[PDB]
Amino acid sequence: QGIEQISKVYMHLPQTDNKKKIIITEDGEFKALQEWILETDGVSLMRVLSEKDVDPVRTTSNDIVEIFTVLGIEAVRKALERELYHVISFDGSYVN
Amino acid sequence: XXXXXXXXXXXXXXXXXXXXXXXXXXXXXXXXXXXXXXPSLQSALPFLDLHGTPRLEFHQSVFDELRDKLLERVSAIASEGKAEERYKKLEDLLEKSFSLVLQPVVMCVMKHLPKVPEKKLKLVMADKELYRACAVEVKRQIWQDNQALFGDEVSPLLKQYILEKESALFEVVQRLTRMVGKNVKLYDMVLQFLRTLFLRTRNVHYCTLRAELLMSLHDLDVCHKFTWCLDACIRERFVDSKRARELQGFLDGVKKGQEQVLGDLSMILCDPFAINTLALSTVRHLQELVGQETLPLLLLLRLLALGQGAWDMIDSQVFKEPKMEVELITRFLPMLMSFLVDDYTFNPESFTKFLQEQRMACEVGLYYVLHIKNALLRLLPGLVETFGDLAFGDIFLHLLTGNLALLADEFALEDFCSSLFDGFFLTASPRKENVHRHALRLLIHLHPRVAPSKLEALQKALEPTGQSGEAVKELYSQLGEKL
Amino acid sequence: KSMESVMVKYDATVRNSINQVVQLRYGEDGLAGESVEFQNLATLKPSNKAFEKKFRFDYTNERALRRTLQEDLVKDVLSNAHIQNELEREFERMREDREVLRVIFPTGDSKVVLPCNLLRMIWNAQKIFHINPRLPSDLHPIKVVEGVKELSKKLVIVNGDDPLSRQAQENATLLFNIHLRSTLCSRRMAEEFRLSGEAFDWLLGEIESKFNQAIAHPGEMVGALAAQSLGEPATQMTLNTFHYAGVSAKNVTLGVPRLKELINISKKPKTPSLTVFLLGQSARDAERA
Amino acid sequence: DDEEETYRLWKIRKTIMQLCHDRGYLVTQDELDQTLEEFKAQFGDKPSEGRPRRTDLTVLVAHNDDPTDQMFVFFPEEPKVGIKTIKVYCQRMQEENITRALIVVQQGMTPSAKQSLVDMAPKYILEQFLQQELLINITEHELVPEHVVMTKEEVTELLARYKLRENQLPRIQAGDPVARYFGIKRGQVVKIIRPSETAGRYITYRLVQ
Amino acid sequence: XXXXXXXXXXXXXXXXXXXXXXXXXXXXXXXXXXXXXXXXXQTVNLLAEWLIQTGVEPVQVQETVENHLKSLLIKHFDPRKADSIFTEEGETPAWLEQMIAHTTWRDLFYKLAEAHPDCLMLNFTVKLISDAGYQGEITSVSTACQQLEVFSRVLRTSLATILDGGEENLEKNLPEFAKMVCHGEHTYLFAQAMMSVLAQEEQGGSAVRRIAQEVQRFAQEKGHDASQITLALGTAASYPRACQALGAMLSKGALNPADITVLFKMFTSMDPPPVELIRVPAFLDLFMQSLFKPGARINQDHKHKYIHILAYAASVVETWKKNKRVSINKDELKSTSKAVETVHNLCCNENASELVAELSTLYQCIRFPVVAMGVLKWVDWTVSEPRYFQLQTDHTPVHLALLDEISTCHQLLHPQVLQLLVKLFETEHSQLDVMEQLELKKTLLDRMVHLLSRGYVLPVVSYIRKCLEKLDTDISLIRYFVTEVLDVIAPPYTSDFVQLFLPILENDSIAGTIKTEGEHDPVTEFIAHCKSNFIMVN
Amino acid sequence: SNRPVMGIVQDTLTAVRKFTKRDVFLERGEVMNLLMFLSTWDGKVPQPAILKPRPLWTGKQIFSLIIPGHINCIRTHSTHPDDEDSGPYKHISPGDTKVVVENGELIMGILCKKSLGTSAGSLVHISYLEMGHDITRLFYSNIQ
């Protein structure tokens, strides 16, 4: 079963709204739907993205070179931005 | 005003309520009634409104003039043009044209009104239609102005052509507004009448805007489609050669065309965009064949197609122009002489003089090779002999193209020779040619040893230039020069 | 040492030592990082009906106009319908800005850094000009609309008139003009702020001044500034300060080594991972998950 | 499996339709997003030696203007494509007058055929794509912003407004998967619209190197 | 002699009086004589229905939209400056005809708008709604109930609605009933007096007493000090000082030990008060608060007095033979006292291995209803502490096994039991593992299945449908609920259970119910029985 | 991080938190001792918050003499109850835990590190932006 280059995958419901699916209701008010997300321990995009019942849009990654093979250079600029803001603002600090 | 069924009764009541007593209760009872609304609200309107206006209910009818009109779209989009709903819409439109002197009937005709047997007759009975002619343009405006209204609207094409002439000396949405109500038969009749009238009167500028209007048929509006599929490569690529070679092969194997090949050659023929495109493609192909060193064969067929294009409008029921396979080498020998002078000067004037005095497509080709210093300075006496040889109209546009190429070059002696060529031919020049000369002289005066003499020559071309536009542009150039 | 030469040139662009453009305007807006504050976009995150209740400036009500405006301005608004058309057009622009913000910010938060603190400037104008907001105000809302439009013309990141420069000026002050429409609209100035005419002229002058002070200075050594701005929190961060999770915890190793793995592009990271979002019903079912 | 194969062929068909539409071609609207069941009806629900086999669904599309050029898309039967397989496609192309084409390889190309694809690049252009590249339209991903190819006139306008050269723009690889998606060649500036949390919108530019 | 009319003939009344006696300068008269500058649009608006006959909808919605626009105009151009004047002037043919025909929402919104003026119009429309057969049904307004003839009849029809409703309608109608009768406290006095006179009868007055108790509970929620009204209605005021003590204590909302010694000196004598003074449920709720909170220690000396007061409240019987008692008994309140004492000791000792140890004695205790209600409140106040679920035995089902015991041995506590379970099920438990949260939800659904087994089924399945449809929980939890319910039930099937259990099963996860059952067939049997019951499924 | 870096260090910060409490009152001599150290004082002793029985100044008045220009900020003290702004007393704080500086004068509230520290939007950051930068140098020196 599954793909290669991957160890045990952990699934969970998120708490912070960065991973919670933020939808816009018909009266225009935002809403945080708490839906199941997976989180692997290896890396292989363009093969997990190919799987059925997987959101091919919001499925990000942790490794940058693998995104640069898959999603290009400007998606790597966005991913490096998000990962760098993550490692900076984990301990509550702020950098502009 | 207008008198409907209830309106005639209203007029009769206004006549019979003018005298004879008839107290207000009986008069108001015999006058009219509102069968929809309740009597309770009509009696509470004095208790609540203090004699208000009920026109907000008519405002709701104006909402019905959209809303049931959308229901008319709900009649139109569900059953795919329902005939019974269309007949009900026609009966309501007849009642609204009889009752209203006609915005709800205007929207009910603009929704969908094809196949109305007394529709065009009912519109011609209300044949003033000044503002209605722009609002009834969904279906009713088609085929009613084909007699004289299309001829009245034709003049704005010439107005936009004059606007483009004045803008080049320094539309898209309107043709779409014409093509909003536009079918195959009306478009064919307008195209045929405008092509006959233009090829009789001028055959100069109307072909370019006709090709631009045919290029504005991209929104799936349905020979002519093959003409659009041909002119897509003319519009898209500016220096298209291999696609142009495929188009020349496609238009060379034509059948016995009953004016369709002549119409295609008319549409290809007179467009400054398309003429410049064909000239640049032919000159790029000539330069590629000079790089191959294999002069005659694909540039010859392109030049022959361009010459057949340029000679279309002189007569009707014609095929093309001759090739002159011996004359082509004599026409392109000065290209080889210019290449030999460039090869000598990067490491003959008499041949170009004799080849420039014996003279259509090859003339414009040699004028479009003028963009690409000893070789040009030697061929320039051949250019003086050419400008003394033919002296045509559009040669000043070729001089403007050479001036754009020289402004890309940035050279002093070439600019002085170009100013000498622009100065020595003020005898039979138009207002546009002198205006372009003054606009190029506004870019003149890089050197201060001849610029005061040209500042005096601006006044020396004011009195001899009896056209007020040329002297007004010279005064404006002097005003812009002092800033 | 990777970025000791990345600076702001005199066309306000960000070029390295060899004149290669890194950014066309500094920080994608042209604003230096000192003169900006955390502000709240009021257009983002109400409902539709709360948005229409709070921003539309309903003109048909008599008594609300009587309470908020002076009677000459009330009959000026109620008489003319051109002014009513312009107020409806600015509410059209605020619905357009709401849709633009909801595309920009899919997460429902609005704490965004922007140069001029507009709510504090409105409150400074109130305290300088001695408003007494119980009384009906005396600024015409068409003066509010036209002053905001002239002000959005005056705030220039990108010079020029050709439409590439027009689009660059539009994009550089997109978010700030959205916030400037949202804070300085007709309804909030009539109802919850109540500035006067001279207070509003002072306000527009102050917004224009404090925006022109926040432009990134040509010559600023942006590269060394950003490298120090990232490396100075590097010493305060710690891999071992965070407690940890006894349950699976996915070895996230945030801190100095993750910053290292981002800084030198490591093809062998210590912990690669994914975040596999499930598509449909499988996102709301533990069994399909 | 056979249902998995018709799902995979339908997703490759969908992604090629979106690729042709984003590249600027004539893609019919129902073809641009058809249902899997519509694909199974039109082609036959058995890729395992049956009716929706390869070479049946070679998609020919023309351009939205200048309708001469076409890139009629190829689907080889074999997993590992080679030169003696692509010369049949070269024969089908030289039978025509059109120079662009896309092949959708299943496994990797033999590298001699990779060199062979470059060995006719001025004559007629061939791009190749693996199956895993075309099971996801990567332009729909949220990390991928809006890439738009710019015309040469807009490039001249860009360089003349900012007074900079093509050497000075920030650049992009030619083997970039979004660049491979749009099929851009070397020296062809790509404007990129992305939302910024500090200005709203930011348009950057990537010349291709 | 004007002859200047387009469609002003409909305004032929006030024109005519301005026509014969015009005089002076009749410029305005002539201008208003031709101020109807449009055509015959009062008839062409009737022709809009004829155009709608060609439209999509030739129905009664067009006249409804016209009447709605007329109502919006009459509310927009409402004559609020001369509202009471126009009310008090004519009122005879206009309001009577309007309340005859268009009494749907017009005068109701008019009395919702201002309601201080137009007393002639308010009185005429109120009397016409009194002339309406079913009631008071138009005047459904929390501030238009300030007229006595209106409010009495509205109270009557709402009581008829609730008393024909039942226990299911007890949750739905009671705020819509209680927002009226707690709006004014004088209306509360009127309503509670009617509750008293109706609950004088033992032939169905218990539901009236129940509705009175929920209205009193809503009055305590919203902010009344309504216990003094409650004691003033009661017979308890016939014995003054006990009722005065209850008045001060229920005005403080807390237990004073000295106050219960004052009560206890009056009880357990040879002259007890009539037992309906102590049966008031807010008083027993304050007993549960002061006695069975996990904190809130009681100082060991008047403790037995507390337990004896609760035992006398929930124990003794009487025989009111013409407003006198002749045979009461006290022979089970010693067992009740022993049970509540053992339970308060088990809630005082706060030692959880001991809670597991004496669980057989605690199962002996919850045979009693007051014990079970008290343990239910204690487990509510224990389990709903945040960060409780950190002792984990089988994801801590011990207190939930006490929920199963309370649900087993009684039936009236089942709404409170379900309320506790759906309060815990909606509560997101932070700092737990997500699988651990999911198994906690599985345990709560096991408890809901146990409530479903003991008869109380329809609110449980109604909540499961409510949380599948509205504001959805995890689908796997509903699948587990369906799996555990269908592993225990068997035909015959009552039609309400089929009607309520069908859409959760057939819509939204058919497939997950059957994986490996085999020996007893899955949902297929319920589908077959559902086809065999109904009339096809419909 | 578009915030100040200076802030108010430890002993000045505890002494200014104890200073700006509600129950701090100052005798006339102690006021005249404190106002001797303001560099930016225009020589006008303010009107006392308590005139009778004894002329008795509140520490927030001296702190309003510190706060320069006319700056306006609303901050929350570190022990502000989160359920205070829900119910009543959201403008009359019973714990004095809602900092309002208004028209350059400290209306109310106790100044913890969330008011004077290096957090963004603090009193010193707004004193930097609204007033000058020499004025903030004076503000730091006067506080210390």
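The structure this text deals with has already been given above.
> Looking at this structure, how should I read the overall build of chain E?
On a plain count of helices and strands, chain E comes out with 29 helices and zero strands. Taken over the C-alpha trace, chain E has a radius of gyration of 33 Å; the compact-globule value for 538 residues is 24 Å, which it surpasses by more than 25%. If one aligns the C-alpha atoms of chain E with their principal axes, the spans along those axes are about 110 × 70 × 45 Å.

> How should the overall build of chain B be read in this particular structure?
If you tally the helices and strands in chain B, you get 26 helices and zero strands. Relative to the globule expectation of 23 Å for 483 residues, the C-alpha radius of gyration of chain B, 34 Å, shows a markedly less compact shape. Along the three orthogonal principal directions, the C-alpha set of chain B runs to about 110 × 60 × 35 Å.

> Would you take a moment to explain unusual backbone geometry for this structure?
Trans peptide bonds make up the majority, and among non-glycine residues the majority have a negative phi. Geometrically, the link from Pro491(E) to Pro492(E) is a cis peptide bond, its omega value of 10° lying close to zero. Of note, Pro492(E) is situated in the loop between α27 (475-486) and α28 (495-506). In this model, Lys52(F) is joined to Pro53(F) through a cis peptide bond whose omega is 5°. Position of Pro53(F) among the secondary structure elements: in the loop between α2 (28-34) and β2 (57-58). Even without being a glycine, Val222(B) presents a positive backbone phi close to 70°. A positive phi angle is found at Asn251(C), which is not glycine, with a value near 40°.

> Please clarify how the interface of chain C and chain F should be interpreted in this entry.
By a frequent convention, interface size equals the accessible area lost on bringing the separate parts together. With 12 residues of chain C at the interface, the matching set in chain F holds 13 residues. Sorting the residues of the side of chain C that touches chain F by element identifies β4 (37-40) and α5 (118-129) of chain C as the ones contributing at least two each. With four residues, the single largest contributor to the side of chain C that touches chain F is α5(C). For the side of chain C that touches chain F, the residue count by class is four nonpolar, three polar and five charged.

> How should I be thinking about the pattern of salt bridges in this particular structure?
Between side chains of opposite charge, pairing is possible as soon as their charged atoms come close. Taking the shortest distance from any N to any O, the salt bridge between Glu102(F) and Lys127(C) comes out at 2.3 Å. Highlighted residues: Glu102(F) in strand β4 (residues 98-102) and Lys127(C) in helix α5, drawn from two different chains. The partner of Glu77(D) in a salt bridge is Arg53(D), and the shortest N-O contact between them spans 3.5 Å. In this pair, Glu77(D) sits in the loop between α3 (36-43) and α4 (83-95) while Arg53(D) sits in the loop between α3 and α4, placing the two residues 24 residues apart along the sequence. Each of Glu74(A), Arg77(A), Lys78(A), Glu81(A), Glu28(C), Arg194(D) and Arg206(D) takes part in one network of salt bridges that share partners.

> Just to check I follow, could you spell out the pairing of strand β5 (residues 190-196) of chain D for this structure?
A regular strand carries its side chains on alternate faces of the sheet. Residues and elements named next belong to chain D. In the sheet, strand β3 (residues 146-149) pairs with β5 via four bridges, with the strands oriented antiparallel. The residue bridging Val149 from the neighbouring strand is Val190, located in β5. In the sheet, β5 pairs with strand β6 (residues 200-208) via seven bridges, with the strands oriented antiparallel. Opposite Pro195, over in β6, you have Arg201 as the bridge partner. From the end of β5 to the start of β6, which pair antiparallel, there are three residues.

> In this structure, what is going on with the interface of chain A and chain C? I would like to understand it.
The partner chain C presents 47 residues to the 46 residues of chain A that form the contact. In terms of residue count, helix α2 (residues 74-89) of chain A provides more of the side of chain A that touches chain C than any other element does, seven residues in total. Classifying every residue of the side of chain A that touches chain C gives 21 nonpolar, 10 polar and 15 charged. With two bridges connecting them, strand β5 (residues 60-61) of chain A and strand β6 (residues 274-275) of chain C associate as antiparallel partners. Pairing of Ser61(A) across the sheet is with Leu274(C), part of β6(C).

> I'm lost on the packing of α5(C) against helix α8 (residues 174-183) of chain C in this one. Help?
Pairs of packed helices are described in terms of their axes, by the angle between the two and the distance that separates them. Residues and elements named next belong to chain C. Their axes nearest at 10 Å, the elements α5 and α8 cross at an angle of 40°. Classified by the interaxial angle, the pair formed by α5 and α8 is oblique. At the point where α5 passes α8, the crossing takes the right-handed sense. Of the residues in α8, those in contact with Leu118, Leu119 and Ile122 of α5 are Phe176, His179, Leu180 and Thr183. Per-class residue counts for the contact of α5 with α8 are five nonpolar, two polar and no charged.

> Is there a simple way to think about the pairing of strand β3 (residues 30-33) of chain A in this case?
Residues and elements named next belong to chain A. As judged from the four bridges shared by strand β2 (residues 21-24) and β3, these two strands associate in the antiparallel manner. Each residue of the ladder has a partner; that of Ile24, found in β3, is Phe30. In sequence, β2 turns back onto β3 through a hairpin of five residues, with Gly28 there showing a positive phi of about 85°.

> Please explain the sheet that holds β4(F) as it appears in this structure.
Sheet strands pair via backbone hydrogen bonds, and the direction of the pair is either parallel or antiparallel. Residues and elements named next belong to chain F. Taken together, the three strands give an open sheet; going across it, the order is β3-β4-β5, and neighbouring strands pair in antiparallel fashion. Edge positions in the sheet fall to β3 (73-76) and β5 (105-108), since each has one partner strand and no second. The sheet shows a mean angle of 25° between the axes of neighbouring strands, direction not considered. In this sheet, β5 lies alongside β4 in antiparallel orientation, the contact comprising three bridges. Across the sheet, residue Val101 finds its bridge partner in β5, namely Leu106.

> Could you clarify how one ought to interpret the packing of aromatic side chains in this entry?
A centroid spacing of 5.0 Å and a plane angle of 70° characterise the contact between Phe90(A) and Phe242(C), whose relative ring orientation is edge-to-face. Of this pair, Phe90(A) sits in the segment after α2 while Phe242(C) sits in the loop between α11 (222-236) and α12 (256-263), on two different chains. Aromatic rings pair up to connect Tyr493(E), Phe497(E), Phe501(E) and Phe526(E) into one cluster. In this structure, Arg58(A) packs its charged tip against the face of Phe277(C), placed 4.0 Å from the ring centre.

Each value, and the rule that gives it
Residues numbered from 1 in each chain as written, not as in the entry; some residues may be left out. Chains lettered and ligands numbered in written order. Part of a larger assembly, values for the part shown. Heavy atoms only, no water. Residues with missing side-chain atoms left out of burial classes, pairs and counts. Helix = DSSP H or I, 4+ residues; strand = E, 2+ residues; numbered from the N terminus. Rg over C-alpha atoms; globule rule 2.2 N^0.38 Å. Contact = heavy atoms within 4.5 Å. Nonpolar A, V, L, I, M, F, W, Y, C, P; charged D, E, K, R; others polar. Salt bridge = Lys/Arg side-chain N within 4 Å of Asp/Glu carboxyl O. Pairing = 2+ DSSP bridges. Axes fitted to C-alpha atoms, helices over the stretch in contact; angles between N-to-C directions. Parallel < 35°, antiparallel > 145°, perpendicular 65-115°, else oblique. Left-handed = near helix turned anticlockwise from the far one by under 90°. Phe/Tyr/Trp six-rings, centres within 6.5 Å; stacked < 30°, edge-to-face > 60°. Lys NZ or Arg CZ within 6 Å of the ring centre and 35° of its normal.

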